[PDB]
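Visitor: Take a look at the following structure, please.
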Amino acid sequence: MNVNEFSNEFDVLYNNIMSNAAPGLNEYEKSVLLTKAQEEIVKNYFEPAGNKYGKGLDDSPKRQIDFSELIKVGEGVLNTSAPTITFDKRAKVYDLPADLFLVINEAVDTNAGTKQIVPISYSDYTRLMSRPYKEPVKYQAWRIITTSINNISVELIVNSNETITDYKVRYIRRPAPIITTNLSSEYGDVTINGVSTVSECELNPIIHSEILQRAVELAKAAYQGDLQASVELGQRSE
Amino acid sequence: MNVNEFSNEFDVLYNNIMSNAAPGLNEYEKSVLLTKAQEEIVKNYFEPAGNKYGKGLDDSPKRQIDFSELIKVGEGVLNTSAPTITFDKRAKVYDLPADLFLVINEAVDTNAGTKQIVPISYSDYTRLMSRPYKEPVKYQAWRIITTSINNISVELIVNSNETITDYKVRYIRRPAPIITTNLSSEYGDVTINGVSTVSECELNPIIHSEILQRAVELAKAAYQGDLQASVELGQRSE
Amino acid sequence: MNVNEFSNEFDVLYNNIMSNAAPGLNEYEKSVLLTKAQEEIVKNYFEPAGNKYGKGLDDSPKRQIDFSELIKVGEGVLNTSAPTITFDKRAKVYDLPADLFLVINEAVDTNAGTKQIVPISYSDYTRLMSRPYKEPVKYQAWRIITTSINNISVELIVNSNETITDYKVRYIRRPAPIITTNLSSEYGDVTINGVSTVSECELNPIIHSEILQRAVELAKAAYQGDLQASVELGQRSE
Amino acid sequence: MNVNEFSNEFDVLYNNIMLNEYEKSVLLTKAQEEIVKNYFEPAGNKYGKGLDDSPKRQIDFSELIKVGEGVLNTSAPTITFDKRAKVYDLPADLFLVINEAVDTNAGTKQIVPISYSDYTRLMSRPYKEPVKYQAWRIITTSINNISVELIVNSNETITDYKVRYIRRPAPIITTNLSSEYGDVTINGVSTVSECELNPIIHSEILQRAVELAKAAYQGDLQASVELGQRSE
């Protein structure tokens, strides 16, 4: 469904049938609520505990097809542009793509073959570095986030006497906002995520109805406006 | 039941018998609610936890016959049209049909015979690639979604020294909207999913009554219009 | 009970005894509600979890006699009329009868004798095709629904070097609507399922009273007309 | 209605279906000023409806609504009650303000006419600036004109100040007053003056003038005080 259909069925589901009908929502408000509902839905469906099914990214066909249009593959750029201080002397710093929402798969291609990057926790890092070896298992590499400015910088730890040729990252692209109409105005240009032009929902049509329902629920919680509704509907932001 | 019958029995079940009868619903509103009810019903019945029976796509004769008219078989087109970056060096990119709602069965015919495609999760992918072999079992192939624009693109991983001849996908077609009347108007053409012409329900007649009941429930929740009803009836969007 | 008796006892049970009697229902409304009640009753009684007894199609003498008048035996027509794309290279496409509600028994007569068709699920299909043999057990055949337009098309998989002579389907016929009076009018012909003429209930007289009670309950839920009653009485649509 | 029609149909209503023209002019001018106030305030009239509360009220004030710019009062170096207040003079022919906006470098901002109580309340807090799309306004030392302090947010400059207001009505005069009456003026004009208002409210102005005449000529104190209630 295109943006006009988002807005028309938003109006239908919000106030065109309600008995003591409420004021219609302005297009900026509808775009804001739709973008919020989109992000909430993405976060709810990525995490199993966030939805009533207990199903995350790839726990069912529907969850695969939900994020299928939001998956992207890119590469981390070696961060030798400027000097820096790494926590580990034997780690190579890489910069992830700017439009990164969530990392789901990483791999590094070295001279000793491809290796799956395992994101190790800080307590896990301490445990592993208290051991005599201090290097990954055969077909794996280690990873920790380092000092990041304006984009995520990442330290890749591989086994000794190994060089990294490329660093691929299969991630979830940051969703683009849903903007119903050109938000340009003479009184001031308002933006949802830095863009005023019309922006279609760049995800699969399977969850457009879900985004619409969530947006309507958020609109009605805003209309109710007491602390109660804000608190319970803020639980699903996550 | 054709579209006229959808609308007439919608009117019967909505406001023609109700004591303090409500305003009749316009045909655009009825078409919108019917399309929403259709999608909600499809998602509820595909997933066992979404309905009170706990029965999914093929858990009973009724669930088979429900989606029987919505199943389609097509092929993935090899994506050598333009270059791209694949997460796996040894994966062939294929494009699924545009009108895809849910994938239920995939198979690939290679020079070594037909092989069932197993959609592997990202954590499952990492586990499998940490192993020495890194290839499917005998009569199977692996699959992961890759960078997709305007349609789902898919990476097929098969065993070494194997070529893919065709890639069949048994999926669930995207339901067409239910539109009662030609939505063309002089004041502006409104569309449900990009189509203004009359559109019959293209599913089996077994669930037409179910779609009608769901549409009436959604209409009455819209009429009630408080946050409560929107929140509980948004649970079954799923 | 004929249609006049359906309508007269509908009036008796609806508003002729109720103290603050409601408006009488028009014959189109009574026919619509009776058809809805008929379909609801059929779906409730076919499935054990849908009724309070936990008894399905053949779990008791009453359930047998309920559908006894709605069972039909027909044949699937070989779909060599036009080309198509089958998911399985070794499957023969057949078209089921148009007036099919639910399949309860299938059998195929081959040159190697009669074989019971087992409807295999998609996950079951993947499991079976990951095995070395990939063919049914001795006295059975496999079946999956394929691309269907306007009627269910079915793929029959039998063992190698076997030809199918006929494909019998014992199913439940689609119930005909209950229409009390000729719905022809000068202001517009209204139909329940494409028919305006009088239509008797074509099921056993054992469940006519049940259909009447359900229709009256639906009428009173429509009269009450709030979201509550619609939601709880929509649970038994199923 | 032309002024001749006003004078002639005053005689029909006041002289029992048929006063000096100066006296008629005085009452008609007084009547319109009453009618404008009564139909502006919702509580002043019988319907409980103010300026924009119905289609009739919108056409009533339609020909009085005027849009003008305020001019910076940089000529006189007076003293403002607020540090960041820019003094602006309003139009001379101003009766009632209904919308004010200020065009800053940051953007147009709707001016809120802030009461003396709200100022002390909002200026007793940490930040002490308006909300991001509004400006405050309080009247200041005014000489034969209206001067307003525009308290816009600091770090911003005012480039424009538009005022939408009700223009002061012109007098209704039915004859050249200097012809028979020496130097009498109604609001500084001695010559024939037409009604500058929509014809919809001419009847109510005429009816009010007739009531004012009859109460004035009856001479009873009760009548004078009773009909003086509607003077505001």
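Ordering of the structure tokens sets the chain letters (A, B, ...); residue numbers start at 1 within each chain; ligands are numbered from 1 in the order shown.
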For residue 232 of chain B, work out the shell of residues within 12 Å, counting only C-alpha atoms and skipping chain neighbours fewer than 2 positions away, then give it as an MDAnalysis selection string.
Guide: (chainID A and resid 213:214 217) or (chainID B and resid 217:218 221:222 225:230 234:238) or (chainID C and resid 227:228 231)
Visitor: Hey, which bits of segment 135-197 of chain B sit within 10 Å of segment 192-210 of chain A, and for each residue what's the closest pair of atoms and how far apart in Å (one decimal), counting only C-alpha atoms, rows by chain and increasing number, as JSON lines?
Guide:
{"residue": "B:148", "atom": "CA", "partner": "A:203", "partner_atom": "CA", "distance": 9.7}
{"residue": "B:149", "atom": "CA", "partner": "A:202", "partner_atom": "CA", "distance": 8.4}
{"residue": "B:150", "atom": "CA", "partner": "A:202", "partner_atom": "CA", "distance": 8.0}
{"residue": "B:151", "atom": "CA", "partner": "A:204", "partner_atom": "CA", "distance": 8.1}
{"residue": "B:152", "atom": "CA", "partner": "A:204", "partner_atom": "CA", "distance": 8.7}
{"residue": "B:174", "atom": "CA", "partner": "A:206", "partner_atom": "CA", "distance": 8.5}
{"residue": "B:193", "atom": "CA", "partner": "A:205", "partner_atom": "CA", "distance": 9.7}
Visitor: Pick out the chain D residues within 9 Å of chain A. Count only C-alpha atoms. Give them as a PyMOL selection string.
Guide: chain D and resi 106-108
Visitor: Got a sec: who's within 9 Å of residue 21 of chain A, counting only C-alpha atoms, leaving out chain neighbours fewer than 5 positions off, as a list in words?
Guide: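 Selected residues are residues 14, 15 and 16 of chain A; 223 and 225 of chain B.
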Visitor: Using only C-alpha atoms, which residues sit within 7 Å of segment 70-81 of chain B once same-chain residues fewer than 2 positions away are excluded, as an mmCIF file with N, CA and C atoms, in the first residue's frame?
Guide:
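Contents of selection-v9.cif, freshly written:
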data_model
loop_
_atom_site.group_PDB
_atom_site.id
_atom_site.type_symbol
_atom_site.label_atom_id
_atom_site.label_comp_id
_atom_site.auth_asym_id
_atom_site.auth_seq_id
_atom_site.Cartn_x
_atom_site.Cartn_y
_atom_site.Cartn_z
ATOM 1 N N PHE B 67 -6.403 -22.225 2.545
ATOM 2 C CA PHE B 67 -5.348 -21.673 1.706
ATOM 3 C C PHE B 67 -5.251 -22.342 0.349
ATOM 4 N N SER B 68 -6.061 -23.369 0.092
ATOM 5 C CA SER B 68 -5.954 -24.108 -1.159
ATOM 6 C C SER B 68 -6.056 -23.205 -2.381
ATOM 7 N N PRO B 83 25.450 -6.729 -11.064
ATOM 8 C CA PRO B 83 26.336 -7.217 -10.002
ATOM 9 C C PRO B 83 25.753 -6.931 -8.626
ATOM 10 N N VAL B 93 22.374 -15.896 -6.347
ATOM 11 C CA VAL B 93 21.285 -15.006 -5.970
ATOM 12 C C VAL B 93 20.111 -15.223 -6.914
ATOM 13 N N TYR B 94 18.912 -15.344 -6.345
ATOM 14 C CA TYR B 94 17.684 -15.564 -7.095
ATOM 15 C C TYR B 94 16.620 -14.602 -6.586
ATOM 16 N N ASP B 95 15.726 -14.185 -7.479
ATOM 17 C CA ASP B 95 14.648 -13.263 -7.143
ATOM 18 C C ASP B 95 13.324 -14.010 -7.104
ATOM 19 N N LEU B 96 12.603 -13.874 -6.000
ATOM 20 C CA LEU B 96 11.322 -14.538 -5.834
ATOM 21 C C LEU B 96 10.229 -13.755 -6.551
ATOM 22 N N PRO B 97 9.071 -14.374 -6.797
ATOM 23 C CA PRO B 97 7.969 -13.640 -7.428
ATOM 24 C C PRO B 97 7.527 -12.448 -6.592
ATOM 25 N N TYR B 167 14.761 -23.218 -9.840
ATOM 26 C CA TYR B 167 14.525 -22.988 -8.415
ATOM 27 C C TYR B 167 13.032 -22.731 -8.243
ATOM 28 N N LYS B 168 12.296 -23.773 -7.877
ATOM 29 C CA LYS B 168 10.853 -23.683 -7.714
ATOM 30 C C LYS B 168 10.499 -23.255 -6.300
ATOM 31 N N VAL B 169 9.435 -22.465 -6.183
ATOM 32 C CA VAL B 169 8.973 -21.928 -4.911
ATOM 33 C C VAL B 169 7.468 -22.141 -4.848
ATOM 34 N N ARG B 170 7.029 -23.023 -3.958
ATOM 35 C CA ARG B 170 5.617 -23.150 -3.615
ATOM 36 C C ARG B 170 5.330 -22.189 -2.468
ATOM 37 N N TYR B 171 4.557 -21.146 -2.740
ATOM 38 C CA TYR B 171 4.296 -20.072 -1.793
ATOM 39 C C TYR B 171 2.801 -19.795 -1.712
ATOM 40 N N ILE B 172 2.448 -18.830 -0.870
ATOM 41 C CA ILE B 172 1.079 -18.356 -0.724
ATOM 42 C C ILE B 172 0.986 -17.009 -1.424
ATOM 43 N N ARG B 173 0.131 -16.930 -2.437
ATOM 44 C CA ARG B 173 -0.031 -15.699 -3.193
ATOM 45 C C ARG B 173 -0.583 -14.593 -2.307
ATOM 46 N N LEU B 203 -10.287 -16.101 -2.681
ATOM 47 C CA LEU B 203 -10.035 -17.254 -1.833
ATOM 48 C C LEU B 203 -11.242 -18.181 -1.895
ATOM 49 N N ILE C 85 2.902 -25.301 -14.221
ATOM 50 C CA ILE C 85 4.169 -25.530 -13.535
ATOM 51 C C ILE C 85 3.848 -26.262 -12.236
ATOM 52 N N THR C 86 4.301 -27.509 -12.139
ATOM 53 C CA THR C 86 4.121 -28.300 -10.930
ATOM 54 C C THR C 86 5.356 -28.185 -10.048
ATOM 55 N N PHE C 87 5.141 -28.192 -8.733
ATOM 56 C CA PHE C 87 6.270 -28.127 -7.815
ATOM 57 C C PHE C 87 7.106 -29.395 -7.875
ATOM 58 N N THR C 146 -1.708 -27.421 -5.273
ATOM 59 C CA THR C 146 -0.873 -26.672 -6.198
ATOM 60 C C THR C 146 -1.611 -25.389 -6.573
ATOM 61 N N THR C 147 -1.098 -24.685 -7.581
ATOM 62 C CA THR C 147 -1.753 -23.477 -8.075
ATOM 63 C C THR C 147 -3.203 -23.755 -8.444
ATOM 64 N N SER C 148 -4.129 -23.063 -7.785
ATOM 65 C CA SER C 148 -5.562 -23.250 -7.966
ATOM 66 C C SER C 148 -6.196 -21.941 -8.412
#
Visitor: Assign secondary structure with DSSP using the backbone only, and return the residues of segment 35-81 of chain A in helix (DSSP H, G or I) as a VMD selection string.
Guide: chain A and resid 35 to 46 48 to 50 61 to 70
Visitor: How would the residues just picked look written out with N, CA, C and O atoms as a CSV table (one decimal), in the first residue's frame?
Guide:
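Heads up, here's the output in out_14.csv:
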chain,number,residue,atom,x,y,z
A,35,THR,N,6.0,6.4,11.4
A,35,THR,CA,7.4,6.0,11.6
A,35,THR,C,7.6,5.4,13.0
A,35,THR,O,8.4,4.4,13.1
A,36,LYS,N,7.0,5.9,14.0
A,36,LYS,CA,7.1,5.3,15.3
A,36,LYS,C,6.6,3.9,15.4
A,36,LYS,O,7.2,3.0,15.9
A,37,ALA,N,5.4,3.7,14.7
A,37,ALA,CA,4.9,2.3,14.7
A,37,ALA,C,5.7,1.4,13.9
A,37,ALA,O,5.9,0.2,14.3
A,38,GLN,N,6.4,1.9,12.8
A,38,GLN,CA,7.3,1.0,12.0
A,38,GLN,C,8.4,0.6,12.9
A,38,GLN,O,8.8,-0.6,12.9
A,39,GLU,N,9.1,1.5,13.6
A,39,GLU,CA,10.2,1.1,14.4
A,39,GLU,C,9.8,0.2,15.5
A,39,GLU,O,10.5,-0.8,15.8
A,40,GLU,N,8.7,0.5,16.2
A,40,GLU,CA,8.2,-0.4,17.2
A,40,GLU,C,8.0,-1.8,16.7
A,40,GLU,O,8.3,-2.8,17.4
A,41,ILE,N,7.3,-1.9,15.5
A,41,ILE,CA,7.0,-3.2,15.0
A,41,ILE,C,8.3,-4.0,14.7
A,41,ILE,O,8.4,-5.2,14.9
A,42,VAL,N,9.3,-3.3,14.1
A,42,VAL,CA,10.6,-3.9,13.8
A,42,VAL,C,11.2,-4.4,15.0
A,42,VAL,O,11.7,-5.6,15.1
A,43,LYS,N,11.3,-3.6,16.1
A,43,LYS,CA,11.9,-4.1,17.3
A,43,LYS,C,11.1,-5.2,18.0
A,43,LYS,O,11.7,-6.1,18.6
A,44,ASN,N,9.8,-5.1,17.9
A,44,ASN,CA,9.0,-6.2,18.5
A,44,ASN,C,9.2,-7.5,17.8
A,44,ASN,O,9.2,-8.6,18.4
A,45,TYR,N,9.3,-7.5,16.5
A,45,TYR,CA,9.4,-8.7,15.7
A,45,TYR,C,10.8,-9.3,15.6
A,45,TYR,O,10.9,-10.5,15.4
A,46,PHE,N,11.8,-8.4,15.8
A,46,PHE,CA,13.1,-9.0,15.8
A,46,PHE,C,13.4,-9.8,17.1
A,46,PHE,O,14.1,-10.8,17.0
A,48,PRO,N,12.1,-12.3,20.1
A,48,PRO,CA,10.9,-13.1,20.4
A,48,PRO,C,10.1,-12.7,21.6
A,48,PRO,O,8.9,-12.7,21.6
A,49,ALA,N,10.8,-12.2,22.7
A,49,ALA,CA,10.0,-11.8,23.9
A,49,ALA,C,9.2,-10.5,23.6
A,49,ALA,O,8.3,-10.2,24.5
A,50,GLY,N,9.4,-9.8,22.5
A,50,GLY,CA,8.7,-8.6,22.3
A,50,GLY,C,7.3,-8.8,21.7
A,50,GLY,O,6.6,-7.8,21.6
A,61,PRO,N,8.1,-18.7,8.9
A,61,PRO,CA,8.1,-18.1,7.6
A,61,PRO,C,7.7,-16.7,7.6
A,61,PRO,O,8.3,-15.8,6.9
A,62,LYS,N,6.7,-16.3,8.4
A,62,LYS,CA,6.3,-14.9,8.4
A,62,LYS,C,7.4,-14.0,9.0
A,62,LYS,O,7.5,-12.9,8.4
A,63,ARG,N,8.1,-14.4,10.0
A,63,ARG,CA,9.2,-13.5,10.5
A,63,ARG,C,10.3,-13.4,9.5
A,63,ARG,O,10.9,-12.3,9.4
A,64,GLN,N,10.6,-14.4,8.7
A,64,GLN,CA,11.6,-14.3,7.6
A,64,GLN,C,11.1,-13.3,6.6
A,64,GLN,O,11.8,-12.3,6.3
A,65,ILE,N,9.9,-13.4,6.1
A,65,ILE,CA,9.4,-12.5,5.1
A,65,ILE,C,9.2,-11.1,5.6
A,65,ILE,O,9.2,-10.2,4.8
A,66,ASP,N,9.0,-10.9,6.9
A,66,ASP,CA,8.9,-9.6,7.5
A,66,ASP,C,10.1,-8.7,7.2
A,66,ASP,O,10.0,-7.6,6.7
A,67,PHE,N,11.3,-9.3,7.6
A,67,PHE,CA,12.5,-8.5,7.5
A,67,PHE,C,13.2,-8.8,6.2
A,67,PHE,O,14.3,-8.2,5.9
A,68,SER,N,12.7,-9.6,5.3
A,68,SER,CA,13.3,-10.0,4.1
A,68,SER,C,13.6,-8.8,3.2
A,68,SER,O,14.7,-8.7,2.6
A,69,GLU,N,12.8,-7.8,3.2
A,69,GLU,CA,13.0,-6.5,2.5
A,69,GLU,C,13.9,-5.5,3.2
A,69,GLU,O,14.3,-4.5,2.6
A,70,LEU,N,14.3,-5.8,4.4
A,70,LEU,CA,15.1,-4.9,5.2
A,70,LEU,C,16.5,-5.5,5.5
A,70,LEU,O,17.2,-4.8,6.2
Visitor: Might you pull out every residue within 9 Å of residue 139 of chain C, with only C-alpha atoms counted and same-chain residues fewer than 6 positions away left off, and present them as a list in words?
Guide: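 What passes the distance filter is residues 113, 114, 115, 116 and 117 of chain C.
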Visitor: What separation in Å, quoted to one decimal, exists between atom CA of residue 18 of chain B and atom CA of residue 224 of chain C?
Guide: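 Going from atom CA of residue 18 of chain B over to atom CA of residue 224 of chain C, I get 5.9 Å.
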Visitor: Grab the atom CA of residue 179 of chain C to atom CA of residue 3 of chain C distance for me, in Å with one decimal place.
Guide: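 Atom-to-atom, atom CA of residue 179 of chain C to atom CA of residue 3 of chain C, that is 7.0 Å.
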Visitor: Just want the 10 Å neighbourhood of segment 210-217 of chain D, counted on only C-alpha atoms, with same-chain residues fewer than 6 positions away dropped. Output as a list in words.
Guide: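 The neighbour list is residues 9, 10, 11, 12, 13, 14, 15, 19, 23, 24, 27, 28, 30, 31, 204, 223, 224, 225, 226, 227 and 228 of chain D.
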Visitor: As a PyMOL selection string, please: the residues near residue 37 of chain D (cut-off 9 Å, only C-alpha atoms, same-chain neighbours under 4 positions excluded).
Guide: chain D and resi 32-33+41+44+230-232
Visitor: If you keep N, CA and C atoms, can you produce a file of those selected residues as a PDB file, in the first residue's frame?
Guide:
ATOM      1  N   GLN D  32     -23.956  51.869  16.568  1.00  0.00           N
ATOM      2  CA  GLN D  32     -23.053  50.929  15.908  1.00  0.00           C
ATOM      3  C   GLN D  32     -21.904  50.544  16.819  1.00  0.00           C
ATOM      4  N   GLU D  33     -21.435  51.487  17.627  1.00  0.00           N
ATOM      5  CA  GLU D  33     -20.357  51.188  18.555  1.00  0.00           C
ATOM      6  C   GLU D  33     -20.820  50.201  19.618  1.00  0.00           C
ATOM      7  N   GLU D  41     -18.206  40.405  21.992  1.00  0.00           N
ATOM      8  CA  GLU D  41     -18.216  39.588  23.193  1.00  0.00           C
ATOM      9  C   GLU D  41     -19.346  38.567  23.105  1.00  0.00           C
ATOM     10  N   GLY D  44     -22.271  39.358  25.443  1.00  0.00           N
ATOM     11  CA  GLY D  44     -22.943  40.634  25.305  1.00  0.00           C
ATOM     12  C   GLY D  44     -24.255  40.583  24.550  1.00  0.00           C
ATOM     13  N   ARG D 230     -26.341  47.444  27.925  1.00  0.00           N
ATOM     14  CA  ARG D 230     -25.859  46.944  26.646  1.00  0.00           C
ATOM     15  C   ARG D 230     -24.827  47.857  25.997  1.00  0.00           C
ATOM     16  N   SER D 231     -24.331  48.873  26.698  1.00  0.00           N
ATOM     17  CA  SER D 231     -23.365  49.789  26.110  1.00  0.00           C
ATOM     18  C   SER D 231     -21.964  49.209  26.043  1.00  0.00           C
ATOM     19  N   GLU D 232     -21.747  48.016  26.583  1.00  0.00           N
ATOM     20  CA  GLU D 232     -20.425  47.417  26.653  1.00  0.00           C
ATOM     21  C   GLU D 232     -20.417  46.060  25.961  1.00  0.00           C
TER      22      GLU D 232
END
Visitor: Between C:1, C:82, C:118, C:112, which residue has the minimum interatomic distance to chain B, considering only C-alpha atoms?
Guide: C:118
Visitor: To one decimal in Å, tell me the separation between atom CA of residue 57 of chain D and atom CA of residue 91 of chain D.
Guide: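 Answer for the atom CA of residue 57 of chain D to atom CA of residue 91 of chain D separation: 23.7 Å.
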Visitor: Report the residues of segment 32-212 of chain B whose backbone DSSP state falls under strand (DSSP E), written as a compact mmCIF listing (two decimals) with N, CA and C atoms, in the first residue's frame.
Guide:
# COMPACT_ATOMS: atom_id res chain seq x y z
N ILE B 71 -2.60 -20.88 -2.79
CA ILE B 71 -1.29 -21.46 -3.02
C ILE B 71 -0.92 -21.28 -4.48
N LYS B 72 0.36 -21.01 -4.73
CA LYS B 72 0.87 -20.82 -6.08
C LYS B 72 2.25 -21.44 -6.16
N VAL B 73 2.63 -21.88 -7.36
CA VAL B 73 3.96 -22.41 -7.63
C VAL B 73 4.59 -21.55 -8.72
N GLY B 74 5.80 -21.07 -8.45
CA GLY B 74 6.54 -20.28 -9.41
C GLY B 74 8.02 -20.58 -9.33
N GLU B 75 8.84 -19.77 -9.98
CA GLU B 75 10.27 -19.99 -10.02
C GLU B 75 11.01 -18.72 -9.65
N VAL B 77 14.07 -16.27 -10.41
CA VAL B 77 14.85 -15.86 -11.56
C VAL B 77 16.28 -15.62 -11.11
N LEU B 78 17.24 -16.18 -11.84
CA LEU B 78 18.64 -15.98 -11.49
C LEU B 78 18.99 -14.50 -11.57
N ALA B 91 27.35 -18.62 -3.15
CA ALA B 91 25.90 -18.58 -3.17
C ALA B 91 25.42 -17.91 -4.45
N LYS B 92 24.35 -18.43 -5.02
CA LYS B 92 23.75 -17.88 -6.24
C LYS B 92 22.48 -17.14 -5.88
N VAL B 93 22.37 -15.90 -6.35
CA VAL B 93 21.28 -15.01 -5.97
C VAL B 93 20.11 -15.22 -6.91
N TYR B 94 18.91 -15.34 -6.35
CA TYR B 94 17.68 -15.56 -7.10
C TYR B 94 16.62 -14.60 -6.59
N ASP B 95 15.73 -14.19 -7.48
CA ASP B 95 14.65 -13.26 -7.14
C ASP B 95 13.32 -14.01 -7.10
N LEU B 100 4.48 -12.47 -3.56
CA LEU B 100 4.78 -13.50 -2.58
C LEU B 100 4.37 -13.03 -1.20
N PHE B 101 3.59 -13.86 -0.51
CA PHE B 101 3.14 -13.59 0.85
C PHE B 101 3.91 -14.42 1.86
N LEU B 102 4.02 -15.73 1.64
CA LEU B 102 4.73 -16.62 2.55
C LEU B 102 5.26 -17.80 1.75
N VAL B 103 6.51 -18.19 2.02
CA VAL B 103 7.12 -19.36 1.40
C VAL B 103 6.86 -20.55 2.30
N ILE B 104 6.36 -21.65 1.72
CA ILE B 104 6.05 -22.84 2.49
C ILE B 104 6.87 -24.03 2.01
N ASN B 105 7.27 -24.03 0.74
CA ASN B 105 8.09 -25.11 0.21
C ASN B 105 8.99 -24.57 -0.87
N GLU B 106 10.27 -24.95 -0.81
CA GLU B 106 11.23 -24.63 -1.85
C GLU B 106 12.01 -25.88 -2.22
N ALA B 107 12.43 -25.93 -3.48
CA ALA B 107 13.25 -27.03 -3.97
C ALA B 107 14.08 -26.50 -5.12
N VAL B 108 15.27 -27.07 -5.28
CA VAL B 108 16.19 -26.69 -6.34
C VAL B 108 16.60 -27.95 -7.09
N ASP B 109 16.56 -27.88 -8.41
CA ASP B 109 16.93 -29.00 -9.27
C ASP B 109 18.32 -28.72 -9.83
N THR B 110 19.29 -29.52 -9.40
CA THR B 110 20.68 -29.39 -9.81
C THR B 110 21.05 -30.54 -10.74
N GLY B 113 20.51 -33.89 -8.94
CA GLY B 113 19.16 -34.22 -8.52
C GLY B 113 18.51 -33.09 -7.75
N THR B 114 17.23 -33.30 -7.45
CA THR B 114 16.44 -32.30 -6.73
C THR B 114 16.81 -32.30 -5.26
N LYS B 115 16.77 -31.11 -4.65
CA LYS B 115 17.19 -30.93 -3.27
C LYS B 115 16.25 -29.95 -2.59
N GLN B 116 15.81 -30.31 -1.38
CA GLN B 116 14.90 -29.46 -0.63
C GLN B 116 15.68 -28.35 0.04
N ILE B 117 15.25 -27.11 -0.18
CA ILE B 117 15.92 -25.95 0.40
C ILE B 117 15.46 -25.79 1.84
N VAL B 118 16.42 -25.70 2.75
CA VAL B 118 16.17 -25.53 4.18
C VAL B 118 16.49 -24.08 4.52
N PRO B 119 15.51 -23.25 4.92
CA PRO B 119 15.85 -21.88 5.32
C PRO B 119 16.55 -21.85 6.66
N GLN B 140 19.56 -31.88 0.35
CA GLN B 140 19.08 -30.58 0.79
C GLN B 140 20.01 -29.49 0.29
N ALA B 141 19.48 -28.27 0.28
CA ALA B 141 20.25 -27.07 -0.01
C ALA B 141 19.92 -26.03 1.06
N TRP B 142 20.81 -25.07 1.21
CA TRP B 142 20.65 -24.00 2.19
C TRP B 142 20.24 -22.71 1.50
N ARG B 143 19.69 -21.80 2.29
CA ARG B 143 19.08 -20.59 1.77
C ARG B 143 19.13 -19.50 2.84
N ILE B 144 19.44 -18.29 2.41
CA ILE B 144 19.37 -17.12 3.28
C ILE B 144 18.93 -15.94 2.43
N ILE B 145 18.14 -15.07 3.02
CA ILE B 145 17.73 -13.84 2.35
C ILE B 145 18.90 -12.87 2.34
N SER B 153 15.14 -11.08 -2.67
CA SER B 153 16.29 -11.74 -3.28
C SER B 153 16.86 -12.75 -2.30
N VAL B 154 17.28 -13.89 -2.83
CA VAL B 154 17.58 -15.07 -2.03
C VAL B 154 18.89 -15.67 -2.50
N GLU B 155 19.74 -16.06 -1.55
CA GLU B 155 21.01 -16.72 -1.83
C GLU B 155 20.87 -18.22 -1.61
N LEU B 156 21.11 -19.00 -2.66
CA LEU B 156 21.06 -20.45 -2.60
C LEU B 156 22.47 -21.01 -2.48
N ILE B 157 22.72 -21.77 -1.41
CA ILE B 157 24.00 -22.43 -1.19
C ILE B 157 23.77 -23.92 -1.42
N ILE B 164 22.79 -25.11 -10.51
CA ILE B 164 21.34 -25.07 -10.34
C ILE B 164 20.69 -24.87 -11.69
N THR B 165 19.74 -25.74 -12.04
CA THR B 165 18.99 -25.61 -13.29
C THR B 165 17.72 -24.78 -13.13
N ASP B 166 16.93 -25.04 -12.09
CA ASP B 166 15.78 -24.19 -11.79
C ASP B 166 15.54 -24.20 -10.29
N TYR B 167 14.76 -23.22 -9.84
CA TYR B 167 14.53 -22.99 -8.41
C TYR B 167 13.03 -22.73 -8.24
N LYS B 168 12.30 -23.77 -7.88
CA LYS B 168 10.85 -23.68 -7.71
C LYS B 168 10.50 -23.25 -6.30
N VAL B 169 9.44 -22.46 -6.18
CA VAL B 169 8.97 -21.93 -4.91
C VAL B 169 7.47 -22.14 -4.85
N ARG B 170 7.03 -23.02 -3.96
CA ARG B 170 5.62 -23.15 -3.61
C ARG B 170 5.33 -22.19 -2.47
N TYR B 171 4.56 -21.15 -2.74
CA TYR B 171 4.30 -20.07 -1.79
C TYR B 171 2.80 -19.80 -1.71
N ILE B 172 2.45 -18.83 -0.87
CA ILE B 172 1.08 -18.36 -0.72
C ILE B 172 0.99 -17.01 -1.42
N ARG B 173 0.13 -16.93 -2.44
CA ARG B 173 -0.03 -15.70 -3.19
C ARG B 173 -0.58 -14.59 -2.31
Visitor: May I ask which of the residues C:31, C:2, C:123, C:84 is the closest one to chain A, counting only C-alpha atoms?
Guide: C:123
